[PDB]
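Colleague: Sharing an experimental structure here, sequence included.
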Amino acid sequence: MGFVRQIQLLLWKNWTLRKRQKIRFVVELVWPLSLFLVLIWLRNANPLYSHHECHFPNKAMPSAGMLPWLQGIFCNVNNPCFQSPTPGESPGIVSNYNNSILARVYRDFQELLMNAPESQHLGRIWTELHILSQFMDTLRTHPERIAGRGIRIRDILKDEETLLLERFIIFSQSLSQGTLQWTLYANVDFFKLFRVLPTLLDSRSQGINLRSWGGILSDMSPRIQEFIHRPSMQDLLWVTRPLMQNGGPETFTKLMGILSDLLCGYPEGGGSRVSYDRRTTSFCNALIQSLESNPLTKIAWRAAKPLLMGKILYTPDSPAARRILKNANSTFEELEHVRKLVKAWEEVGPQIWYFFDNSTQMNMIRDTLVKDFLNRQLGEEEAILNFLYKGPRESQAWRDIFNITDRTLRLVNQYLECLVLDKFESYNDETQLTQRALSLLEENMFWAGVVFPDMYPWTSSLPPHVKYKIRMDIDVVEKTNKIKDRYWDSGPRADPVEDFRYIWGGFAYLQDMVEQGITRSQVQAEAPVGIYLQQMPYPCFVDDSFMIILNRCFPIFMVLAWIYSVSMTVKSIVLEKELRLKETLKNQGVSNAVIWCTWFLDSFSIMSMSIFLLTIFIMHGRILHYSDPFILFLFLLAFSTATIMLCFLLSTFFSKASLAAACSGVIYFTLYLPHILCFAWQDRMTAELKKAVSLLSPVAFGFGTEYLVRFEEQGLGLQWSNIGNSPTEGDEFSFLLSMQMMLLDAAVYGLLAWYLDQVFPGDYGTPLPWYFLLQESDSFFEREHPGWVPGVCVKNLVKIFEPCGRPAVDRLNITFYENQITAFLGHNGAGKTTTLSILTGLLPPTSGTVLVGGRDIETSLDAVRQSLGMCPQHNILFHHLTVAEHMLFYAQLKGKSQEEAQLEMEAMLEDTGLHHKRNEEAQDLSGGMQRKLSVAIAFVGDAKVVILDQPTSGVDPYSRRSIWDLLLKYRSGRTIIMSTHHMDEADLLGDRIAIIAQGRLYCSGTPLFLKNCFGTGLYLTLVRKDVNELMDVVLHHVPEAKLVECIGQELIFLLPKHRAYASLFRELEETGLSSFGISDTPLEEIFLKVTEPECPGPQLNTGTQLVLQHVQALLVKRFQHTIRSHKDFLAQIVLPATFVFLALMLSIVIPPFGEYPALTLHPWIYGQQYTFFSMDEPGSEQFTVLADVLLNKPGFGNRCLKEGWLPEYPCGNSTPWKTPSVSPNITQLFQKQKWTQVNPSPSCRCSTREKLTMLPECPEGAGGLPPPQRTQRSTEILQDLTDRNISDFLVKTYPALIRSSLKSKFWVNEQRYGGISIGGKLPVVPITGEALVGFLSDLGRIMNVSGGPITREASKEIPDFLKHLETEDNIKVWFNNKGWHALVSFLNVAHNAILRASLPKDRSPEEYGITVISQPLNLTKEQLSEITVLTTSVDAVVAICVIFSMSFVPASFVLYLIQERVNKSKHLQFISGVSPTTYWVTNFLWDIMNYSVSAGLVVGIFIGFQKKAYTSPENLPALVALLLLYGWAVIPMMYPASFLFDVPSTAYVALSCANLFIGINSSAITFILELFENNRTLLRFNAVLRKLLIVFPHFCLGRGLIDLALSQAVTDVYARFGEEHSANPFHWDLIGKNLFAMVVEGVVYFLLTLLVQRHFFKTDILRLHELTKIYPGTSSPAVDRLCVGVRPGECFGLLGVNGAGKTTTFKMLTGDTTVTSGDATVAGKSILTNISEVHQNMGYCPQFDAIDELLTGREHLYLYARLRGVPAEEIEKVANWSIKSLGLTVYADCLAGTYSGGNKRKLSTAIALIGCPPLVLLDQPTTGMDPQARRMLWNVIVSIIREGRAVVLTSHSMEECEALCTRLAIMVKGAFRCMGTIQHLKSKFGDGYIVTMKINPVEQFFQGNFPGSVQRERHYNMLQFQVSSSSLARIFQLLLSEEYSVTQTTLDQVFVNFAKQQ
Ligand SMILES: Nc1ncnc2c1ncn2[C@@H]1O[C@H](COP(=O)(O)OP(=O)(O)OP(=O)(O)O)[C@@H](O)[C@H]1O
Ligand SMILES: *[C@@H]1O[C@H](CO)[C@@H](O)[C@H](O)[C@H]1NC(C)=O
Ligand SMILES: *[C@@H]1O[C@H](CO)[C@@H](O)[C@H](O)[C@H]1NC(C)=O
Ligand SMILES: *[C@@H]1O[C@H](CO)[C@@H](O)[C@H](O)[C@H]1NC(C)=O
Ligand SMILES: *[C@@H]1O[C@H](CO)[C@@H](O)[C@H](O)[C@H]1NC(C)=O
Ligand SMILES: [Mg+2]
Ligand SMILES: [Mg+2]
């Protein structure tokens, strides 16, 4: 139950302390919500994009004819989406190329010219022309009548008459004209005719057909003119305009567009697109080289070359293979027939030129014709526009149509000869084929390599099941080890380049050719069926653009937000431990488990609020949109628990906070590194190995975060229904396993932390054995009175400290009895605190035992601590609480009611003198009040043993009275142990006394026993203000000894005969010295008997030697500091480089590279699946059998042959056709409302703006009714889609099918991959074969060409040529591109069915088949796309790790600067004169050489791993200059921060985190924003940021480390193909600009730190005038207006009550704090204006030790001599004098941090006197010094006062302010109360004779003898008494009966009642 109360109190304290910060807390719970702001914005920069449907054009294969094959290659290069069903996916069409102008032209030509009433008589004209040219024109070699000649003759003959002429000649050139001319009317006029048509004049089989030739042209006149003006011809001529204009169009910009709309037609704009070579011609190698070396067409040529010019290598040399590949080269045969035809031109051309130059039928017929009749004949429907425009015979400027023909038709012949059309080479082994392929690959002249495995080189007969292989290289083939993607994306997979490697790589074409060869080799009656391929359409979907960066940034940004919390809690666990605040709590009796429970609750309650805020931002910021808030909350909660218990585990390794701040973040982030292995071993990990590694909590976090992201990139969330099932196929270890294996780690970490705490409590506390689970649960010394009881007992201790060697404590034997106070005295290095640290469990002994209640602490500390109280020598308080809160907290921890605690606190506040504060923080107290509170809270509660040492060192004589009252009130029932130095109280209130010397007792017992043990006598005191006089004056009554002590302004005499003594004092009274005082024997004389030069500085250096001495001094100081703390150096310098080393070592382990397997291609590589078919175009025989042999007899493919196929996929039976039943609502819906042909079914609603979905909803009216189904023997479901809209069915049914796949197996699946569709016709050119060649032959015979030798070969192959450009009857296959190997599988299905559908009717088609196999060529490679992404992914994280590492080193230099700024050790060096510039410059110079070691170590690692892009002969200087100049730039940026943090560890943590935040969120935003080149507003931001963000060195390093890595991948990919460009990474665009910004920054920030340093920094000396100091938070002044002056040779006093303003004055004088309204002058130089000038005329000794705890005592003196003049050859004797004079010989070199606490004061005053400054300021120079050392200090001060130097002291011991001081000044709250000499005070204040006795019976003893008395005190067996000035005290001394004592007046009693009265 008390457990719960203590929990509540601890939590109350923590939350009270947090109520004061309100900034360390807000930053604490806001820091993680800050790494996500970039993502929150960058999400809303990119709203989601919804994509329309896609419909794609089909692809003809080589077997579909050459013309559509090539046309499809050209038109469908980019594979465009069309959004509306293309014509090719209609039941009986394949064409898909209308709206092409070249096709509409044919449409109009068939519609108008031909098949009409104008083409009837045209052939008759041709036939009559041929008859003419055969009969009348050709009349030379044949016999005829006289009227005949090759040109012209006359038949004039048979003349019987004798032999006007012009008239007849004109007239002939008339039937009734010659009849009346008369003879010639009976012989030559018999059958004569006129000039009419003589076409009837010949002897011909037909009568005549003339007078119709010109009378048929008018019929077809309105047809041609109509045609030419049709819109199709307008478009043709419009687009052909920029072709013949001067020859040559623009290369690939508009030429492609013209050819596109000329051949292709695609609408809506063209779719969306989602060395001297040998055996060649000097043209063909010039062309290829000009094409390859043009950096614009190298890419397309790189892919097109192996098909145009590559070669195909086939393995065995057998007649079977030769036959197959003879039948497979049909395509190349019909491709070289074209070359033949075009080559025939080089022969026909000159013949046509001649015929149209000379002709008997043109140049002698048409040039000879006359024109009178022609003009009228033309006009009745131009000779000048015809017979001259096209019939010229001599040059005129007809050639316009002939000299473009050769230009355009010989260039084509030059082009076509570059093709290689013989490409089948024959080998005898796959090995030989492989080496020849290796040879050919470099030239890029390797197509595939075909292998027939089952046939031997003698094979002749084909088996009826042929299998072959196509072996290509991996860069043009899909991988054969996996068949799909790892995760189901939502897209069609339709990128023409990287998703269609089976098409542009040439695999599918060769497979088609060889399947057709195999079919044609064993059928002999093949069906001419061709094949088209069609891609199944895809619905509308939603694009992301975001989960490409989200999935690569989420599980870094999520694990990196907790690094600040981890560091701030591991550091806070360790501050309490090494600041000793855990041990005070454990001393007040707080259990050990309450500590841990409070830590856990207080950490959990703070992490749980940032968890909440983080979830709210993650969801409402739309980073995750589909998931569940509650599950995310619970996941983060489990992580919080794991991380907290990890922090508890880590805190038990460290003891110093600065060391834990430097390791916690690095270790937290190095436990996450094993997630590098997820890049290479992505698939070869197992759920069991995944469990084994998830014991490290961050990797379990990463495993869970990946599922969180992935369930969303698959369109779902983390709903409560799919935790336990992974998204990826066939892997265990779901999300729940990560969540559940976080809690196992929480438990394990916590349990181990609890155990490991007990065994290794470093540096404060007692360890346990590693097996503590065996469950234990004369004479010097006074005679011992057998009475009271013993309390604490000590028995033979030893404590050896390892370095020092000597025993600090050596065999003690003491007992402290119960009901009394003991005083525990000794010199300084005695063992008083080392012993009292052992009685309490602060540190373990080397030997011996102690016993508190008879129970030894070696086993029973828990019970001992239940009743303890303690105050330590140096204060430890919660520096932000209050006085009242301290006392109200410790009182209740012991267990008390709240109101009783109020009462006790109220009493003790007044009792201790700490009232009037009661509300001030424990840091605004002075240093005596802190020591006073530290005692007050040792008595509160109720202890039984109270151990309190040095309880009064620093408290003024007026408050020591209250402390004594407090001690004597609680002595009643406790054992109290006091350790003290000043002896006024060691005897007054000590019931016993013990003394230690060198770590063991020297004496013991009650004080009276000690006195007679050593000696006793009176002590005559003569306080002066000449020795010979006194000596002779005390010779008259010469006793024992004489002068025993004589220091400045003091004296001492010892004298053991009433008249003798009586006469002395009496006579002395009336007869140079001032007052005096006799006594019995002090307690300081017996303690004093137990234990038992450089006055000028000549020539202090100055100038450049002084500066060069300062630099050396500081560098040596820093070297000494860092040699002795090497764990800190290791953990701050070498650790980050080790982190980098681990990160690079991990990215080296990679799986070995095997080889790509076989993978027989068939549709059952996939699982259960649907297929379909569609028997379009029925009734045609030869298709009713092809639709029968792919359903019923063997079915699809080869999974059911007669013998067997692959005994891995067994058959079975089938089921009857069965149309499934549908719900009635559909039945009424589809018949009720009338639909149409273009709208068969209701449409699907997409993913609305506010209705986000992955795929549309598609209501219950999808593409129709369910079609008939069946289950085939292949264990597949094919559904018959005959006479239905397939494009509608597939599109509107894909979504509902994708949902029905994750109900059972939670991973989404694709259940449909393809199907056949029998039918499809395209119209073949109606022109037959032999008819064409006959027409050509007749035309040639008319036109006198006769051809030539080439033409007979060219025109020998026309009939077969025209049969191979079209097919007219063919099928088409549909495929789904999501499955990689789904194209070739179904292509094989189709070819195999075509084979079975055509073999004869007695061969049983169930045992014939073809199978294909892929098997890449053994080149030992990977695909480029794989290694590129792997390399960039790995080499990004290396840059991330280097940035993380170099972000921690720069903050490591602030630890020393902050550590020195507080404790006032930097100010104490400025006092010696170091001129801030040299200090800062030297620190910078040390930091640089400290940094360069880490930089060099990182570089050495990069060299060792041989990482390119970093260690290459062109990059290494760039890397070195990046690192070495980043450090220069960034180091002087931490320095201004050392001015506002007080705890070094806090600064370390808060600066490392800020550096990491900037260095991550500057070098990722500009690499993400540049990735998005789509958006235009992003480029503005990217450009402006890449310049604004240059002021941070973090950006300048983050850019460069990733640039040098990106700009080497782009060259190592070039090495794959082509040339190899170098880097030169120094350009003013890569890193050259950053390296310039570094240098400017590195010198602008240093000036900023030197500027911020400046905002913070008569015959007498030190004249003070009215000066004041009001502290900011109060109302009354700390130091009111005060004014003095000190002369050269005096010593000022500066006494004062506790809390009066004495250290504030010294702080203002030395220049620490800021004066308020005053002035002060040291040697003429004022302190307000020029203070660097006064600083060299004074020394300073602070109240608190300002020393470096790691050098030594001697190295301090050397440092502080060098920081002054004292040239290099004198420092040794100055140091030796200072060491010897102050008493530091035993331990002059022992690590000043191990001094005792009275030796630290000696060191401080020793280094306050180096040099010889005229003014010396000392502040409490003697608080922990024993009486032996105080005298040595007094002697030194007297020796320096005698020179002429001034001293100012501030002390609280009045034994010395009257021994060496000349002027005093009591100082109450503000200014002074009473200045003046010592005698000026005593005389006016206090008569004298303060008689003190020891012992009612003595109270009445001063009734008549001494009436005037006034009582001072009434204590225990000691009490004081003031008696009036009677001078008869020694007279009445014979009336006593005790401790004799009387004195004139001590200054101690004067100061008590001086301050009593105010
Ligand atoms: N940082 C501070 N803020 C507010 N008040 C302060 C601060 N430091 C000191 N004081 C107050 O100013 C007064 C002067 O304190 P100062 O340190 O001069 O006392 P002191 O005489 O040096 O004490 P002691 O004599 O024990 O050394 C004290 O009352 C103290 O409470
Ligand atoms: C040309 O294509 C159009 C486009 O739909 C089609 O309607 C027409 O039937 C086609 N003409 C043919 C193939 O002759
Ligand atoms: C036609 O081009 C040829 C070049 O092949 C040229 O010699 C001839 O002169 C051109 N025709 C005319 C009419 O000039
Ligand atoms: C190709 O590599 C595979 C890898 O195992 C090996 O089995 C096969 O024999 C090799 N064949 C050739 C022709 O290199
Ligand atoms: C559709 O028909 C079903 C019966 O199958 C009926 O329950 C429902 O009310 C009808 N209307 C709808 C679903 O809008
Ligand atoms: Mg001590
Ligand atoms: Mg002080």
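Modeller: Looks like it arrived, so ask away. Numbering: from 1, shown residues only. Ligands and ions are numbered 1, 2, ... in the order given.
Colleague: ok, how many other residues are close to the residue in the stretch 951-1100 of the chain that ligand 2 sits nearest to?
Modeller: Ligand 2 sits closest to residue 954 of the stretch 951-1100 of the chain, with a gap of 106.7 Å, by C-beta to the nearest ligand atom. Any C-beta I mention is one placed from the backbone N, CA and C, and that applies to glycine too. When neighbours are defined as other C-beta atoms under 10 Å, residue 954 has 20 of them.
Colleague: from here on, count from 25
Modeller: All right, first residue 25 from here; so that's residue 978.
Colleague: close enough to count as contact, it and residue 1847?
Modeller: Yes: applying C-beta atoms under 8 Å as the test, residue 978 and residue 1847 come out as touching, 5.6 Å apart.
Colleague: Walk me through the domains of this protein.
Modeller: Segmentation of the chain into domains, based on automatic domain parsing, reads 568-801, 814-1029, 1041-1104, 1126-1175+1446-1681, 1682-1894.
Colleague: Can you convert those into a markdown table and add a column each for distance to residue 47?
Modeller: Below are the domains of the chain laid out as a markdown table (distance: least, C-beta to C-beta, whole Å):
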| stretch | distance to residue 47 |
| --- | --- |
| domain 568-801 | 13 |
| domain 814-1029 | 14 |
| domain 1041-1104 | 54 |
| domain 1126-1175+1446-1681 | 11 |
| domain 1682-1894 | 18 |
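Colleague: give me the element the nearest residue to residue 1833 once chain neighbours are set aside is part of.
Modeller: In this structure, residue 1833 finds its nearest non-sequential neighbour in residue 1763, 6.1 Å apart by C-beta to C-beta, 6 or more residues apart in numbering. Taking DSSP states H and E as the definition, residue 1763 sits inside strand 1762-1765.
Colleague: Check whether that strand comes near ligand 7.
Modeller: No: Strand 1762-1765 stays clear of ligand 7 (C-beta under 5 Å from the ion), getting no nearer than 12.1 Å.
Colleague: List the strands paired with that strand, with their directions.
Modeller: When pairing is defined by DSSP bridges, strand 1762-1765 lines up against strand 1839-1842 (parallel).
Colleague: centre of the chain versus the helix or strand following the partner strand, how much separation?
Modeller: Going down the chain from strand 1839-1842, the next helix or strand is helix 1851-1865, by DSSP H and E. Between the centre of helix 1851-1865 and the centre of its chain there are 64 Å (C-alpha atoms, centre = their mean, to the nearest Å).
Colleague: Restrict helix 1851-1865 to CA atoms and write it as CSV.
Modeller: Only the C-alpha atoms of helix 1851-1865 are listed here, as CSV (Å, rounded to 0.1, in the frame of the first residue of the first chain):
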residue,chain,number,x,y,z
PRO,A,1851,43.9,24.4,11.4
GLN,A,1852,47.2,23.3,10.1
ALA,A,1853,46.6,24.6,6.6
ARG,A,1854,44.8,27.8,7.6
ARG,A,1855,48.1,29.0,9.2
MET,A,1856,50.0,28.4,6.0
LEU,A,1857,47.5,30.5,4.1
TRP,A,1858,47.8,33.3,6.7
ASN,A,1859,51.5,33.3,6.4
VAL,A,1860,51.3,33.7,2.6
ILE,A,1861,48.8,36.6,2.9
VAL,A,1862,51.0,38.4,5.3
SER,A,1863,54.0,37.9,3.1
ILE,A,1864,52.2,39.5,0.2
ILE,A,1865,50.7,42.3,2.2
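Colleague: and that helix, what does it pack onto?
Modeller: Here helix 1851-1865 touches helix 1107-1115, helix 1795-1806, helix 1823-1830, strand 1870-1872, going by 3 or more C-beta pairs under 8 Å, 6 or more residues apart in numbering; DSSP states H and E.
Colleague: helices and strands around the shortest one, which ones?
Modeller: With contacts defined as 3+ C-beta pairs under 8 Å, 6+ apart, the secondary structure elements packing on strand 1870-1872 are strand 1685-1688, strand 1715-1716, strand 1839-1842, helix 1851-1865.
Colleague: buried set for stretch 392-403?
Modeller: Within stretch 392-403, no residue is scored as buried using 16 or more other C-beta atoms under 10 Å.
Colleague: contacting residues around that stretch?
Modeller: Outside of stretch 392-403, the residues within contact range by C-beta atoms under 8 Å, 6 or more residues apart in numbering are 238, 407.
Colleague: Also stretch 796-816?
Modeller: By C-beta under 8 Å, 6+ apart, the residues outside stretch 796-816 that reach it are 782-783, 839-844, 863, 874-877, 883, 969, 999, 1001, 1025-1030, 1033, 1037.
Colleague: Output the domains of the chain as TSV; include the columns distance to ligand 5.
Modeller: Formatted as TSV, the domains of the chain follow (distance: least, C-beta to the nearest ligand atom, whole Å):
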stretch	distance to ligand 5
domain 568-801	25
domain 814-1029	70
domain 1041-1104	114
domain 1126-1175+1446-1681	42
domain 1682-1894	77
